[PDB]
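# Structural features, examined
The chain contents come next:
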Amino acid sequence: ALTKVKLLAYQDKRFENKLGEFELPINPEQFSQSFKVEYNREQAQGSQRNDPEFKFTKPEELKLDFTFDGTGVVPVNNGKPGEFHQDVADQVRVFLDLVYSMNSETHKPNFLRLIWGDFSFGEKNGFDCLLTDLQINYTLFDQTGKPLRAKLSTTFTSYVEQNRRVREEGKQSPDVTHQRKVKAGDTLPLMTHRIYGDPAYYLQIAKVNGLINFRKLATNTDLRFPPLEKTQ
Amino acid sequence: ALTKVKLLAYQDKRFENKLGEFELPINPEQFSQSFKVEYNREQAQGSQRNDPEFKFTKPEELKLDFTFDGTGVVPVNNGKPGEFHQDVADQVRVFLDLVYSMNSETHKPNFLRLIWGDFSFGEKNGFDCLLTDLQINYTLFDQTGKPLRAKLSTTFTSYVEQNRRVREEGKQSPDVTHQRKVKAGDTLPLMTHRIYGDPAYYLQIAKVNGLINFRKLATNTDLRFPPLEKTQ
Amino acid sequence: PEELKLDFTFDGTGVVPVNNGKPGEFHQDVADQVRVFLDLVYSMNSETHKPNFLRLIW
Amino acid sequence: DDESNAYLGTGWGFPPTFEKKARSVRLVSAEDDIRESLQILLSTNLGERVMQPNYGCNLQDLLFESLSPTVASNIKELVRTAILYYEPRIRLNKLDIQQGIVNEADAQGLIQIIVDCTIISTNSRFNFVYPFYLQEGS
Amino acid sequence: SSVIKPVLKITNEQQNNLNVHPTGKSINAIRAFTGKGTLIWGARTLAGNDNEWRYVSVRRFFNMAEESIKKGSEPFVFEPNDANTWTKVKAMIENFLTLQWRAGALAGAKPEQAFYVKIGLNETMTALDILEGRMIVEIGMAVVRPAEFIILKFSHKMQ
Amino acid sequence: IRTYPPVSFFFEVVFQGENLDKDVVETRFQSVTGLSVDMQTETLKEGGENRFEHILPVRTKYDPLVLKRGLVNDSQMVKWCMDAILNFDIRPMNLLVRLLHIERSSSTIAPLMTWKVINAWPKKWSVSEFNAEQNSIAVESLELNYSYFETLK
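Residues numbered from 1 in each chain as written, not as in the entry; some residues may be left out. Chains lettered and ligands numbered in written order. Part of a larger assembly, values for the part shown. Heavy atoms only, no water.

Per the PDB entry, chain F goes by All3323 protein and derives from Nostoc sp.. Here the PDB entry title reads "Cryo-EM structure of the contractile injection system base plate from Anabaena PCC7120".

For chain A, the PDB entry supplies the name All3321 protein and the organism Nostoc sp..

### A look at the overall build of chain A
In terms of regular secondary structure, chain A is built from four helices and 11 strands. Compactness check: chain A gives a C-alpha radius of gyration of 29 Å against a globular reference of 17 Å for 232 residues, more than 25% above the reference. With respect to the three principal axes, the spread of C-alpha positions in chain A is 95 × 55 × 35 Å. Put simply, of all contacts in chain A between residues at least 6 apart along the chain, 55% involve residues at least 24 apart. Carbon and sulfur atoms provide 45% of the accessible area of chain A, an area that totals close to 14400 Å². Distance between charge centroids for chain A: 8 Å, based on 32 positive and 31 negative side chains. (Helix = DSSP H or I, 4+ residues; strand = E, 2+ residues; numbered from the N terminus. Rg over C-alpha atoms; globule rule 2.2 N^0.38 Å. Contact = heavy atoms within 4.5 Å. Areas by Shrake-Rupley, 256 points an atom, 1.4 Å probe, with all protein chains shown as cover. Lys, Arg positive; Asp, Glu negative; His and termini not counted. Charge placed at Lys NZ, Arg CZ, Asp CG, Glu CD.)

### Focus on the overall build of chain F
The helix and strand inventory of chain F stands at one helix and nine strands. What you see in chain F, going N to C, is helices and strands ordered as β-β-β-β-β-α-β-β-β-β. For a compact globule of 153 residues, the expected C-alpha radius of gyration is about 15 Å, and chain F comes in at 21 Å, more than 25% above that figure. C-alpha extents for chain F along the principal axes are approximately 65 × 50 × 40 Å. Among the 153 residues that make up chain F, the fraction classed as buried is 31%. On chain F, roughly 10600 Å² of surface is accessible, and the fraction owed to carbon and sulfur atoms is 51%. (Buried < 20%, exposed > 50% of the residue type's maximum accessible area, 1.4 Å probe, protein only.)

### Regarding a positive patch on the surface
Residues and elements named next belong to chain F. A grouping of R59, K61, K123 and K124 is seen on the molecular surface, where their side chains present a positively charged patch. Of all the elements in the fold, those that place two or more residues in the positive patch are β4 (54-62) and β7 (107-127). Relative to the helices and strands, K61 is located in strand β4. With a relative accessible area of 48%, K61 lands in the partly exposed category. (Patch = residues over 30% accessible without salt bridge, like charges linked within 9 Å, V, L, I, M, F, W, Y side chains within 5 Å. Salt bridge = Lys/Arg side-chain N within 4 Å of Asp/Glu carboxyl O.)

### Considering a nonpolar patch on the surface
Residue and element names in this part refer to chain C. A grouping of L4, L6, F8, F10, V30, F37 and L56 is seen on the molecular surface, where their side chains present a nonpolar patch of about 740 Å² in accessible area. Summarising the element assignment, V30 is placed in helix α1 (residues 30-41). Of the residues examined, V30 reaches a relative accessible area of 34% and is grouped as partly exposed.

### A look at the packing of helix α3 (residues 188-196) of chain A against helix α4 (residues 202-209) of chain A
All names here are of chain A. Two elements in contact, α3 and α4, have axes separated by 9 Å at closest approach and are oriented at 105°. One element, α3, and the other, α4, form an angle in the roughly perpendicular class. Together, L188, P189, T192 and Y196 of α3 and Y202, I205 and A206 of α4 make up the contact between the two elements. When grouped by side-chain class, the residues that make up the contact of α3 with α4 number six nonpolar, one polar and no charged. (Axes fitted to C-alpha atoms, helices over the stretch in contact; angles between N-to-C directions. Parallel < 35°, antiparallel > 145°, perpendicular 65-115°, else oblique. Nonpolar A, V, L, I, M, F, W, Y, C, P; charged D, E, K, R; others polar.)

### Focus on empty space enclosed by the protein
All names here are of chain B. The computed volume of the largest cavity comes to approximately 100 Å³. In terms of lining, the largest cavity is formed by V5, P28, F31, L62, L64, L114, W116, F119 and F121. Here the residues of the lining of the largest cavity sort into nine nonpolar, no polar and no charged. (1 Å grid on protein atoms, 1.4 Å probe; cavity = no way out; pocket = protein on both sides within 12 Å on 5 of 7 lines; lining within 4 Å. Points joined across faces, edges and corners; volume = space filled by probe spheres on them.)

### Section: the interface of chain A and chain B
Taken together, the contacts link 42 residues of chain A with 39 residues of chain B. Both sides together, the interface formed by chain A and chain B hides about 3600 Å², and carbon and sulfur atoms give 55% of it. Sorting the residues of chain A by area buried against chain B places A:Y100, A:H107 and A:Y138 first, and these three jointly supply 16% of that buried surface. Our enumeration of links across chain A and chain B arrives at one salt bridge. Along the contact surface separating chain A from chain B lie 11 residue pairs in polar contact. When contributions to the side of chain A that touches chain B are tallied by element, the ones reaching two or more residues are β5 (53-57), α1 (88-99), β8 (127-141), β9 (147-158) and α2 (162-168) of chain A. With 11 residues, β8(A) is the single largest residue contributor to the side of chain A that touches chain B. Here six bridges tie β8(A) to strand β3 (residues 31-40) of chain B, and the two strands are oriented antiparallel to one another. (Buried area = accessible area lost by both parts, 1.4 Å probe. Polar contact = N/O pair within 3.5 Å; in protein donor to acceptor, adjacent residues only side chain to side chain. Pairing = 2+ DSSP bridges.)

### A few points about the relation of the copies chain A and chain B
Turning chain A through 60° and shifting it by 0.0 Å along the axis lays it on chain B, with an RMSD of 0.0 Å. What the rotation and shift describe, once combined, is the action of a six-fold rotation axis. (Least-squares fit on C-alpha atoms.)

### Focus: helix α1 (residues 88-99) of chain B
All names here are of chain B. Between its first and last C-alpha, α1 extends 17 Å over 12 residues, near the 16 Å set by a 1.5 Å rise per residue. All of the buried residues along α1 are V88, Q91, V92, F95, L98 and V99. For α1, the buried positions fall inside an angular range of 140° around the axis, keeping them on one side. Away from the buried face of α1 by more than 90 degrees, exposed residues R93 and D97 are located. Looking at the buried residues of α1, the elements they touch are β1 (6-10), β2 (18-23), β5 (61-69), β6 (111-115), β7 (127-141) and β8 (147-158). Residue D87 occupies the N-cap position of α1, its side-chain oxygen lying 3.1 Å from the main-chain nitrogen of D90. (Expected span 1.5 Å × (residues − 1). Arc of directions from axis to C-beta.)

Okay, here's the thing in C-alpha cells:
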C-alpha cells in the first residue's frame, strides 16, 4: 500500500479542534528543512580569537513543491479499474480554502499540521506550521479555457505556543531541589561543586541534613540540595 | 470551438459601467499568480523557537506574456477561408488606449477584468485588476517601416473596494448574537466555553434564558448567546 | 575566529556496508541517525539552557 | 417576547396580499422572508429604484444569446455580486446553469439557473432587523 | 445528521450481552457520548462468532470483489478452451488484484504475500471438464480487519 | 537440463482492450522490439577509502515499445491512436507479448513466454518513403509508452 501526504487544518492554537484535511494526489519528490542559532560576536581590541555568547534559536523553515495533473494518465489510488485524475480546479479550490483564506471566526488563516505516514522530523511525527509563501503556474489548458496542469511551490514556518514552549525547555538550574545518594568514593565538597558549581556551599549543606561529622560519610545516605535564594 | 482571453474595461470602481473590451488574437502559453502573508517575528531572550503573530495579507500578483503577429500565416478565427492576421499597429493602438491611457473623466486609467472562458482563479471566474508594468519589443519590420511582429510582457495587481472587502471578511466574534439547540450530551458550561472561550459566563447565560435549574437541560431548548459589551 | 564547512550523507537502501566485521550487513536506518545527531548537536541542554560544546576529531 | 430566529426578522410578503374578513396584510418570517427577498433582487434592474441607483441586477442584458463559456462566467459574476451586496443573511454555495433538455425545439430556447444557499446561524453587522441593529452595528 | 437523540439509553452492562452472545446473533448499538453526539457503536453481522464472516466490512468487500471480477471475466465466454485463453484470464485477474493491493485493502508487504491465482490442466481442471466446456480458476486473498479494543500497558526503567 | 536454446521468429501480440483482442489483423506484426529496463544510479566518494567508491540506486527507466507492419488501410487500433493524437484524448490499455513454441504429449501450439505490459498509450506513428524507382512495401510503424512490464509467472 502507498501512503500519501496529509495536511490537517485546525482552529485551536492548542491543535485540538480539527477543521479539515487535504490529501495530495501525487507525493513530492523531495523537500527541505532549515535550522539556525544566534550568538553574540563582539570582540575585545587586540585579542586573538573569541568565545561567543548564546542569544537564541530561530524557528525552522520548510520548502515543498508539487503538481496537479488532469489529462487522464495518472491513476487514482482507489482500486477502481479505468480511473485517472481529471479535475484540477476542484483541487486548487479546496486547497486554497483550507490553507490560505481567512477564517470568519478567528479573523486569520488556520493552523496546519503536516504528516507523511511513518516519516519522523525528529522527536515527533508531524510538523506544526503556518503558510507564508505560495506560487502557482498554469501550463496547459483545455479548448474551453479550463486548466489541465498546475505546479505549486510553498514555504512554511514553524509554530509552537508559549505555555508549551516553556515546558519543552525544562530548565533545570539552582532554582529547584536536588537529591543524591552517597556511593563509594564520594566526598561532600565534590558533590557540592557538581551541583552548584562552587564547593564553598558545603558547610550549609551539612547543616540542612544534620551531619555531625561531614568528613566521613556513609554510603546509603540521601542528601537534599535546596535551591538558592532568588536575589542576593 | 476555441475560446479566447478577454479584457473588460470599466469606469466604475464597483465594476458596473463597462467601457470596452479587447480580445487577444493568440492565447498565452502560460501565466503565473503570486500570494503572500505577513507575520510578526519578534522573539524573547534566550528562548528556543517562537510563535509568530498575524499582521496582514497582501494583494496578489499576476504575470502574462503574449504576441502580435502580422506576416500572414496565423489564421483569423472568423470562419472565412483564406484569412490571416496582417495588422499589428491597429492592435497595439486599441490595446494601449484601453488599458494604459488616462481617462478624461476620472483622471486615471481604467479598471480591468480578465476572463478566459471556463477558467477559475478560485471562488470566482475573473480577475479584477490594474496594470502596473508593460514592455513591448518590435522584432520584424516592413520595407516602409511598419512592424510585423511585437512581443508584450505585462504585470497586473489585484484590486477590491473597501465596502466589499469588509463584507468578504464576514468577521464573526463575540460582537454578534448566537443561537444553539441543546442535543444529547450537552452541558451549559461546555457550550459557553465553545462560544465565548471561557466557561465563567455560564451564570449570566442561564439568567438570559430564564433557567431555574441549569444543571439538567432539556434536549429541544434553543438558547440565545448575546454579544459582549464593547468596552470593559 | 576561524570557520569550518562540512557536507555529508546518510543512506539506508542496503548497499553501503557496516564497518563491524559481520558478513551480509548494510546500513538500513536513516531516522535513528538523524535523531541522535540532532539530539547531540542541536537541542537545548536542560541544565545549561543552551546547546553543547563540540570537539571534532578524525 | 423572544422567540426562535427572531434575529432573522419578519416583514411584508411579495406580492402584497390584503385580507378583508381578517382586517390585515400578510406578513412572512424567517426563511420565507429570505426566499422572497431573492425573488425581488434578481427581478429588478439597476436604475428602477428612485434614490437607489445601485440596487438591482441586469440579467436581461444577456438574452438572445447562446450559452458559451464566456456567457456563463458573466452570469455568475453578476449574480454573485448582487447577492454579496444585498443578501447578508445567507451563504451561497454554487451556481448551476444549463441550456436545453418536452419538445426539443421549445427546450432549446430556455436557460435554467439554479441557486443553492444556506442560512448562517449567527447574526450579521449588515442586517437591518430591529432592535438588534441599533447595537450590533454596521 | 439531523438527530436529536436516541429514545433509549444503552449502558455498558447491557451492551456486554449485545455484540457477544452464545447464539452469535449480535445487535449493533447506537449510543450518545458527552461532547461527541450520537454514534454507531459496533460492526458485527448475525454470525458474530464466525472466524471468517464476523465483520460487516469483510463480507461486503468479498461481494464487491467477486462481482467486479465476474464483470471483467464476461468478455471471454464462447472462446476456445485452450491455454491461449487461460493466460488472458489469469492476466486480467492478477491486474485487478494488484490494483486492490496498492489501495491498502489487502495485507502484505509484497503482492506475492497478498493473493494468488491459479489455472491449468491437472491443477484445477481434468480432461473431462475441458471436453465438457468448463473452465476453472482458483483465487486466494488476504483482507484487513478492524480493531474494537485498545489495551494500555505501562513500563518503568530506573535511572 | 537444457541443451538447445529457443528461437526468436515465432511470436504474437495481444491487445487487452476496447474490443481488439478478437480482431485477427490486430495480432499480426512484422517486428516487435523495445523490451528492456535500466537502473540509474549516482556516485558517492568517501574520504579515506581510496580502493572503491559507492554506487547508490536512484530510479528505474524503461524503453518504448516499437511495432512494425505492412500498411492496413482500415484499422480500429489506428483509430484509437489518432483519437489520442488529434483530439488529445488518451485512454491507456494493457498488452500481452507472447513467445510461442510447439508442445506435444498430438502436437499443439502453445505459449512459451509471456510478458504483461501495463498502461500503454500512443507515442509515435510513421509510414515509409514512397519512391518511384524501388520495389518495396508500404510499412507502418507505431511506438508506445508504458509504465512497466512483468513476467506472467
